[PDB]
Every structure is written in structure tokens, then in C-alpha cells.
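Visitor: Pasting in a structure now, in C-alpha cells, and then I'll have a few things to ask.
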Amino acid sequence: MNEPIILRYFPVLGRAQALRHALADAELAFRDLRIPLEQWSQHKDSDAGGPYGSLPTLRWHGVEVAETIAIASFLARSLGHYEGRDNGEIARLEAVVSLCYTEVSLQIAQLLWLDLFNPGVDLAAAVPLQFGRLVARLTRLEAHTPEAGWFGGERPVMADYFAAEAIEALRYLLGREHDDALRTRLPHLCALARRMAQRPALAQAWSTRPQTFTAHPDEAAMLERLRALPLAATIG
Amino acid sequence: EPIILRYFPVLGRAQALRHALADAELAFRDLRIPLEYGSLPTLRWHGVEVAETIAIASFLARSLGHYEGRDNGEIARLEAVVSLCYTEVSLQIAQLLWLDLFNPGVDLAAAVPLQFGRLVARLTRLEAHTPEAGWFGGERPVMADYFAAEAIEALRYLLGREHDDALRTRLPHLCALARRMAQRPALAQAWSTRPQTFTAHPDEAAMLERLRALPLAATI
Ligand SMILES: N[C@@H](CCC(=O)N[C@@H](CS)C(=O)NCC(=O)O)C(=O)O
Ligand SMILES: N[C@@H](CCC(=O)N[C@@H](CS)C(=O)NCC(=O)O)C(=O)O
């Protein structure tokens, strides 16, 4: 299993799934190292945890990299995603990653952890707000999402991998009942996520896709509480 | 003005970007939009519209020559500092101020020490890789420096002056870095027009009072 590329994260989707996709889709051999949370207090102050004792981390041919956003940009540079692009075009692609990570992936995770991080919170009041913000942000991304192909043009770049996982994150939270509503509000992002799921070089990644979004002890419990709430009316 | 930064008249997501523009040899309009992807901050730079705080930081890093002569691993160390400082510290400080408006019904006495605790631990990890002299950029400041210094000011803003002594004790090199940044001559005008509130909260003053009444210095 001894790879010169190593991506380290927990056995969950949260902050790293897009990064897994970028590496698999470039047909790089890499070790998808999934560190269990029970074993993580051992890795915090070791090399796997990196300078800041947090995940994800990447090792790329001897070079250690930390933090999801920095890794994304490092990979974009390393895979040629910015070749022939001026700073303005690059910044547009980095805005997409940044928006998907900050406003969607971290927020979906916060919604799942909301009880344990905000004791006594009224889910029925708090969720519609935070969720409504989250959909509003994706709604604006959708307005600049191309009808065909990728943010990267004829080929996918980091923005594409993050945008597709932002849709899967949202779909995971809502459940399959509400696919029709998503397709109505986010048609171009939905279609892009579908295209990404069909890429042959991602077949193994889909095959080994992690089941949960965070390491929440009972995430299934939290979801059914979240899905009891009227989130569909927020979309429409 | 060919360069315009648009944000609210508050610190939150933009002060570090104001500092990067001011510290460079550059005229820019600091456009401050009354508190009343359709989101801010935005930057216009010689005809180019840029959005999202992190992407603006990286755009300026490229434009201002911050990454010249650095390999990709080096660039990514700097970019991770910006990302830690903004997403794990500055954004979370904002979250604490908005906490009971966004999480109606929350018990602050249990919630805050935990979230404030995580936030401090992150900065303490960075403290260990902060230089004793100079900047993350070496001889001159880069974006990492501006964000790191605003992360400290954010924390200080939240605690209050009483607990300054304990901060230096926990985070000497970041405290020194932030101090050094404040005395850069090129930033004097920025400090002169420095906004007085961190967020666009309806009544932040009142919210601060509530937060400081909790046992916050215990977290250090
Ligand atoms: N056509 C399907 C759902 C289509 C759909 O909504 N697909 C999007 C969600 S916006 C998606 O999940 N894409 C990933 C995939 O289907 O592979 C149905 O009849 O319910
Ligand atoms: N040491 C001074 C206080 C200055 C101070 O607060 N220094 C650090 C504490 S972390 C700081 O935040 N400096 C940033 C600044 O000068 O704006 C005093 O007590 O008279």
C-alpha cells in the first residue's frame, strides 16, 4: 500500500471527499488513508496530523501539505488546472472551491453537530435559517454554473470536484425524497454532479465511498431529526 | 479608482484584506456599505471582479508578488496559515457573536466555552510555527501575516483588555507579530479608520457584555 501520494482523513466524507475525487480522477495511485477517530489522539502530535493537529493532510512526493483549501490549491497547481489562466480566471475557480467548502461542507457538518455544539438550541427555529442561507449561496453559484462541461472547460478542475460534493452533501442531508426540488432550484449543479458520478476513473472512489458525513457517534439519529423538519418548503 | 474593496463598515471578513492593500504601495477605495454570489467582501482590481475572502487573499498574493521564488509546498504552507486563521478563528469569533441569533434558544454558558476552547487550541498550534522575528513571509509581510495578526486582534476584541496578560503567556510570537503589524507605518491610515465592531450584529455592544460575563479566561 506504499504510495508516494498519501491523503489522510477520517473514514467520512466531510472535508476530503472532493480531494479524493481529484486524485482518483487524475488516475494517480495514492493511498486513501482513513484514520479512525478512536486512533486519532495517537496521530494529533505525529506527522499524520501535521503542523496543526488536524485533518486532512496530504503527502505528495515528499512534500507535506495541510488544510483542505490549501491542499486544493496545491493540487490545482500540481495537476495543471491553472495552465493558461490569468489571476482573475484562477480566482473565479478558487471562489467556487472556497464557497463549497466554507458555506456548504463546513455548514452541513455544523448542522449535524448542532446539538452537541449548541446545547438547548431549538432545532425547529435554528435549522431553517442556517439551511436557507446554505441554499441561497448554492443558488448564486448555480447562476454561474455552465450548462455543459465543467468550470474547468472541457476538463474538470478543483472547482468541479468541490461543486459536485457540495451537491452530494446537500442531497445526503435532505434525503432522496427531495431530489425533484433540488433539480428545480439547482438544475446545472445537479447535472454537473451527475456527470462527475459517471466518470470512469471515479468508479473505485464511488465503490469505496464513506457512509457518513462526519464522525458523529450516532449520525443516523441526527439525520432523522433534521429530516422531520420542513426543509422542502425552504427550497421551493 | 481602479482598485475597490467592498465590505460592511466592520472588521470581520475584510480587515486583513484592507491591511494587505494598505501595506502595499497602492491607492484603493475602501468602500464601506451601510449595514442594511451576492456576498461580501468583493474586490475590483483593474477591471477584474473577485469574490470570497480566501480567493481574494490568494488573488492579492499573486498580484502583489508574495509567491515569487517560492515552490508549491512553500506557497501551500502560507495558504494554510490564511485558511486556519480565517476559517478556524476569525469566522468562529463571528459565529460566537451571532450565536444566539443563529441558534435561537442556545444555552451560551455551555456552548461558548467549548467553541471558544476549540478556537484557542487552533491558534496555539499555529503559535508553535510562528517566527520569533520577522514575518511568515520572511523579510516582508505576506497574506499569512495579515490574517494571523487579525486573528489575534479578533481574539483580543472578544476577551477584552483585562485578559491581555494571559494571551502573551499563551501566544507570545503571534502577540509580537500582531504588535509589529500594528506599528507598520504604511498601515497608519488603516488603523485610523479601523472599524469599531467585528460583525454587523444589530447590537454587538450588548452581545459582547453577555459573552464577557462567562468564564472566558478559564479557556486560557
Ligand atoms: N432523476 C432522479 C434524480 C436525479 C437527481 O436529482 N440527480 C442529482 C441530484 S440533484 C444527483 O444526485 N446526482 C448524482 C447522481 O444521480 O449520480 C429521479 O428521478 O429522482
Ligand atoms: N502590554 C501592553 C498591552 C499591549 C497588548 O495588548 N499587546 C498584545 C497582547 S496579545 C496585543 O494584542 N497587541 C496588538 C496591538 O498592539 O494592537 C500593556 O499592558 O500596556
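Residue numbers start at 1 in each chain; chains themselves are named A, B, ... in the order of the C-alpha cells; ligands are numbered from 1 in the order shown.
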Do me a favour and pick out the residues of chain A within 6 Å of chain B, using only C-alpha atoms, as a ChimeraX atom specification.
Guide: /A:52,67,70,91,94-95,117-122,126,140
Visitor: Emit the selected residues as a PDB file, in the first residue's frame, including C-alpha atoms.
Guide:
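File selection38.pdb, as written:
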```pdb
ATOM      1  CA  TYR A  52      -1.802  21.970  13.263  1.00  0.00           C
ATOM      2  CA  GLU A  67      -5.798  22.280   5.415  1.00  0.00           C
ATOM      3  CA  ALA A  70      -4.505  24.853   0.743  1.00  0.00           C
ATOM      4  CA  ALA A  91      -9.676  33.491  -8.638  1.00  0.00           C
ATOM      5  CA  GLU A  94     -10.837  29.361  -6.219  1.00  0.00           C
ATOM      6  CA  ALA A  95     -14.015  31.237  -5.214  1.00  0.00           C
ATOM      7  CA  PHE A 117     -22.007  22.210  19.986  1.00  0.00           C
ATOM      8  CA  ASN A 118     -25.035  24.395  20.858  1.00  0.00           C
ATOM      9  CA  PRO A 119     -26.872  22.795  23.874  1.00  0.00           C
ATOM     10  CA  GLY A 120     -30.524  23.848  24.369  1.00  0.00           C
ATOM     11  CA  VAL A 121     -30.863  25.036  20.770  1.00  0.00           C
ATOM     12  CA  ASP A 122     -34.316  24.844  19.187  1.00  0.00           C
ATOM     13  CA  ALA A 126     -32.279  27.292  14.006  1.00  0.00           C
ATOM     14  CA  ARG A 140     -25.941  32.032  -6.560  1.00  0.00           C
TER      15      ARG A 140
END
```
Visitor: For residue 96 of chain A, work out the shell of residues within 10 Å, counting only C-alpha atoms and skipping chain neighbours fewer than 4 positions away, then give it as a VMD selection string.
Guide: (chain A and resid 91 to 92 100 to 102 138 141 144 to 145 151 158 to 160 162 to 163) or (chain B and resid 37 51 to 52 55)
Visitor: If we count only C-alpha atoms, what is near residue 59 of chain A at a cut-off of 8 Å, once residues fewer than 5 positions away on the same chain are taken out, given as a count of residues only?
Guide: 6
Visitor: Given only C-alpha atoms as the basis, pick out the residue of B:120, B:35, B:158, B:4 nearest to residue 205 of chain B.
Guide: B:158
Visitor: Ligand 2: which residues are within 6 Å, counting only C-alpha atoms and all ligand atoms? Reply as a list in words.
Guide: residues 164, 167, 168, 175, 178, 179 and 182 of chain B
Visitor: Taking only C-alpha atoms and all ligand atoms and a cut-off of 10 Å, can you tell me which residues surround ligand 1, written as number ranges by chain?
Guide: A: 164-165, 167-172, 175-198, 206
Visitor: Would you output that residue set with N, CA and C atoms, as an mmCIF file, in the first residue's frame?
Guide:
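Saved the output as result-v1.cif:
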```
data_model
loop_
_atom_site.group_PDB
_atom_site.id
_atom_site.type_symbol
_atom_site.label_atom_id
_atom_site.label_comp_id
_atom_site.auth_asym_id
_atom_site.auth_seq_id
_atom_site.Cartn_x
_atom_site.Cartn_y
_atom_site.Cartn_z
ATOM 1 N N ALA A 164 -19.473 19.348 -7.085
ATOM 2 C CA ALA A 164 -20.251 18.120 -7.105
ATOM 3 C C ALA A 164 -20.457 17.558 -5.722
ATOM 4 N N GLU A 165 -19.438 17.644 -4.872
ATOM 5 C CA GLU A 165 -19.566 17.156 -3.486
ATOM 6 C C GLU A 165 -20.417 18.056 -2.617
ATOM 7 N N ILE A 167 -23.172 19.371 -3.812
ATOM 8 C CA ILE A 167 -24.490 18.827 -4.121
ATOM 9 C C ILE A 167 -24.741 17.502 -3.396
ATOM 10 N N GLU A 168 -23.778 16.597 -3.413
ATOM 11 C CA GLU A 168 -23.941 15.325 -2.690
ATOM 12 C C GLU A 168 -24.093 15.558 -1.193
ATOM 13 N N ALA A 169 -23.344 16.498 -0.635
ATOM 14 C CA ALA A 169 -23.528 16.842 0.767
ATOM 15 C C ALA A 169 -24.979 17.276 1.022
ATOM 16 N N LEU A 170 -25.507 18.152 0.179
ATOM 17 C CA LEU A 170 -26.852 18.659 0.381
ATOM 18 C C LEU A 170 -27.885 17.554 0.208
ATOM 19 N N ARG A 171 -27.659 16.717 -0.782
ATOM 20 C CA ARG A 171 -28.548 15.590 -1.051
ATOM 21 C C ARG A 171 -28.565 14.570 0.100
ATOM 22 N N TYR A 172 -27.386 14.317 0.668
ATOM 23 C CA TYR A 172 -27.218 13.484 1.861
ATOM 24 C C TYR A 172 -28.034 14.007 3.033
ATOM 25 N N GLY A 175 -32.045 13.856 1.954
ATOM 26 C CA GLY A 175 -32.581 12.541 1.611
ATOM 27 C C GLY A 175 -33.109 12.539 0.186
ATOM 28 N N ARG A 176 -33.299 11.346 -0.359
ATOM 29 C CA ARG A 176 -33.679 11.185 -1.761
ATOM 30 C C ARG A 176 -35.092 11.678 -2.079
ATOM 31 N N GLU A 177 -35.980 11.731 -1.084
ATOM 32 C CA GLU A 177 -37.345 12.246 -1.302
ATOM 33 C C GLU A 177 -37.324 13.588 -2.043
ATOM 34 N N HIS A 178 -36.338 14.435 -1.748
ATOM 35 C CA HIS A 178 -36.339 15.811 -2.235
ATOM 36 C C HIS A 178 -35.458 16.083 -3.443
ATOM 37 N N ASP A 179 -35.126 15.050 -4.199
ATOM 38 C CA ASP A 179 -34.321 15.225 -5.406
ATOM 39 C C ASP A 179 -34.993 16.163 -6.429
ATOM 40 N N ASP A 180 -36.299 16.005 -6.629
ATOM 41 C CA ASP A 180 -37.018 16.810 -7.605
ATOM 42 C C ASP A 180 -36.916 18.306 -7.294
ATOM 43 N N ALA A 181 -37.028 18.644 -6.020
ATOM 44 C CA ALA A 181 -36.923 20.023 -5.588
ATOM 45 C C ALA A 181 -35.527 20.553 -5.840
ATOM 46 N N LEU A 182 -34.501 19.770 -5.512
ATOM 47 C CA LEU A 182 -33.124 20.173 -5.843
ATOM 48 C C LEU A 182 -32.953 20.430 -7.319
ATOM 49 N N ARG A 183 -33.436 19.518 -8.142
ATOM 50 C CA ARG A 183 -33.231 19.620 -9.595
ATOM 51 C C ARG A 183 -33.890 20.893 -10.145
ATOM 52 N N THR A 184 -34.940 21.352 -9.472
ATOM 53 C CA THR A 184 -35.632 22.556 -9.871
ATOM 54 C C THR A 184 -34.842 23.806 -9.516
ATOM 55 N N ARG A 185 -34.321 23.863 -8.298
ATOM 56 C CA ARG A 185 -33.561 25.032 -7.833
ATOM 57 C C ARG A 185 -32.132 25.039 -8.396
ATOM 58 N N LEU A 186 -31.522 23.872 -8.545
ATOM 59 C CA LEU A 186 -30.109 23.778 -8.913
ATOM 60 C C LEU A 186 -29.874 22.904 -10.146
ATOM 61 N N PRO A 187 -30.576 23.186 -11.248
ATOM 62 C CA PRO A 187 -30.501 22.248 -12.380
ATOM 63 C C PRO A 187 -29.070 22.003 -12.913
ATOM 64 N N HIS A 188 -28.314 23.070 -13.108
ATOM 65 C CA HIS A 188 -26.990 22.954 -13.705
ATOM 66 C C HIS A 188 -25.978 22.315 -12.753
ATOM 67 N N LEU A 189 -26.075 22.606 -11.455
ATOM 68 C CA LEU A 189 -25.195 21.966 -10.469
ATOM 69 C C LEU A 189 -25.544 20.489 -10.336
ATOM 70 N N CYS A 190 -26.837 20.172 -10.328
ATOM 71 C CA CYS A 190 -27.286 18.773 -10.284
ATOM 72 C C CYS A 190 -26.756 17.956 -11.455
ATOM 73 N N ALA A 191 -26.875 18.512 -12.650
ATOM 74 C CA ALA A 191 -26.394 17.827 -13.847
ATOM 75 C C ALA A 191 -24.876 17.640 -13.820
ATOM 76 N N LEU A 192 -24.179 18.565 -13.180
ATOM 77 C CA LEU A 192 -22.727 18.512 -13.112
ATOM 78 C C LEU A 192 -22.304 17.413 -12.163
ATOM 79 N N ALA A 193 -22.961 17.346 -11.011
ATOM 80 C CA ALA A 193 -22.771 16.256 -10.081
ATOM 81 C C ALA A 193 -23.045 14.897 -10.729
ATOM 82 N N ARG A 194 -24.071 14.799 -11.564
ATOM 83 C CA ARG A 194 -24.372 13.552 -12.266
ATOM 84 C C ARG A 194 -23.256 13.166 -13.240
ATOM 85 N N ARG A 195 -22.787 14.128 -14.016
ATOM 86 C CA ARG A 195 -21.660 13.889 -14.901
ATOM 87 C C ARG A 195 -20.440 13.402 -14.121
ATOM 88 N N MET A 196 -20.176 14.017 -12.974
ATOM 89 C CA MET A 196 -18.993 13.665 -12.194
ATOM 90 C C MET A 196 -19.109 12.245 -11.686
ATOM 91 N N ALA A 197 -20.312 11.840 -11.266
ATOM 92 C CA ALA A 197 -20.543 10.473 -10.768
ATOM 93 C C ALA A 197 -20.308 9.389 -11.834
ATOM 94 N N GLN A 198 -20.473 9.750 -13.109
ATOM 95 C CA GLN A 198 -20.306 8.810 -14.238
ATOM 96 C C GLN A 198 -18.875 8.718 -14.783
ATOM 97 N N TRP A 206 -16.299 5.860 -5.903
ATOM 98 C CA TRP A 206 -17.711 5.609 -5.600
ATOM 99 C C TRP A 206 -17.913 4.281 -4.914
#
```
Visitor: Find the residues near segment 33-35 of chain A: any atom within 8 Å, counting only C-alpha atoms, skip ones fewer than 2 places away on the same chain, and give them as a VMD selection string.
Guide: chain A and resid 6 to 11 31 37 39 to 40
Visitor: Return the single residue from B:46, B:98, B:220, B:15 that is closest to residue 206 of chain B, with distances computed using only C-alpha atoms.
Guide: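 Counting only C-alpha atoms, the residue closest to residue 206 of chain B is B:98.
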Visitor: Just how far from atom CA of residue 176 of chain B is atom CA of residue 133 of chain B, in Å to one decimal?
Guide: 8.6 Å
Visitor: Write out as a ChimeraX atom specification each polymer residue whose atoms come within 12 Å of residue 209 of chain B, counting only C-alpha atoms; drop sequence neighbours fewer than 6 positions from it.
Guide: /B:97,157-160,203
Visitor: Report, in Å with one decimal, the straight-line distance from atom CA of residue 225 of chain A to atom CA of residue 113 of chain A.
Guide: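 Answer for the atom CA of residue 225 of chain A to atom CA of residue 113 of chain A separation: 12.0 Å.
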Visitor: Could you tell me which of B:134, B:34, B:117, B:2 comes closest to residue 180 of chain B if we count only C-alpha atoms?
Guide: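 Result for the nearest residue to residue 180 of chain B: B:134.
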Visitor: Measuring atom to atom with only C-alpha atoms, identify which of B:155, B:96, B:21, B:40 is nearest to residue 187 of chain B.
Guide: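 With only C-alpha atoms as the atom set, the closest residue is B:21.
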Visitor: May I ask which of the residues A:173, A:61, A:51, A:29 is the closest one to residue 227 of chain A, counting only C-alpha atoms?
Guide: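 The shortest atom-to-atom distance to residue 227 of chain A comes from A:173.
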Visitor: Please compute the atom CA of residue 148 of chain B-atom CA of residue 174 of chain B distance, one decimal, in Å.
Guide: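 We find that atom CA of residue 148 of chain B and atom CA of residue 174 of chain B lie 7.3 Å from each other.
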